[PDB]
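The chain that follows stands alone, in the form deposited in one PDB entry, written as structure tokens.
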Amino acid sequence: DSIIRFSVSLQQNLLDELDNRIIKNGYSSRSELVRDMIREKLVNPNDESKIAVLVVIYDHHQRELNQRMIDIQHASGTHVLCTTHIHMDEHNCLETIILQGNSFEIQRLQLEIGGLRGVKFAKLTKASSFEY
């Protein structure tokens, strides 16, 4: 219980926003702000079927991206109930994927989609049935 140093990797876009926030909010380093973000954000996956929504924003000019997300969905074990796509601007589409699955299936789907080249983000909203 004592100070440890570890490494973190960010895409330029996130790193750039980080550095602006450090400057805007009066922090003295990346380490200091990230450390504070972790402390703040720190304050059980199971087999039960849950409905979830994954919002993905992606580059609509990235070839085979939709195919790779389909491939990911097909293998995930989740059941896709619906997907909707709209063009949000000149470079990006926004897709919502409404799906059912257990925690492990849905989490893996979100992380695999999120790490695709051309995917700007993939944010999951989960509703377990106690939430309704």
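By rigid core we mean the largest C-alpha set that fits within 1.5 Å across both forms. From 1 onward, residues are counted along the sequence shown.
What follows is about the form deposited in another entry, which we do not show.
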Once both forms sit on the same rigid core, is the C-alpha displacement of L116 at or above 2 Å between this form and the one not shown? no
Do you see a C-alpha shift of 2 Å or more at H85 between this form and the one not shown, with the core held fixed? no
Please say whether, between this form and the one not shown, the C-alpha of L33 moves by 2 Å or more once the core is aligned. yes
Evidently the Cα separation of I57 and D36 changes by 3 Å or more in the other form, so the atoms lie closer
If the C-alpha spacing of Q110 and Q11 moves by 3 Å or more in the other form, is that a move closer or farther apart? farther
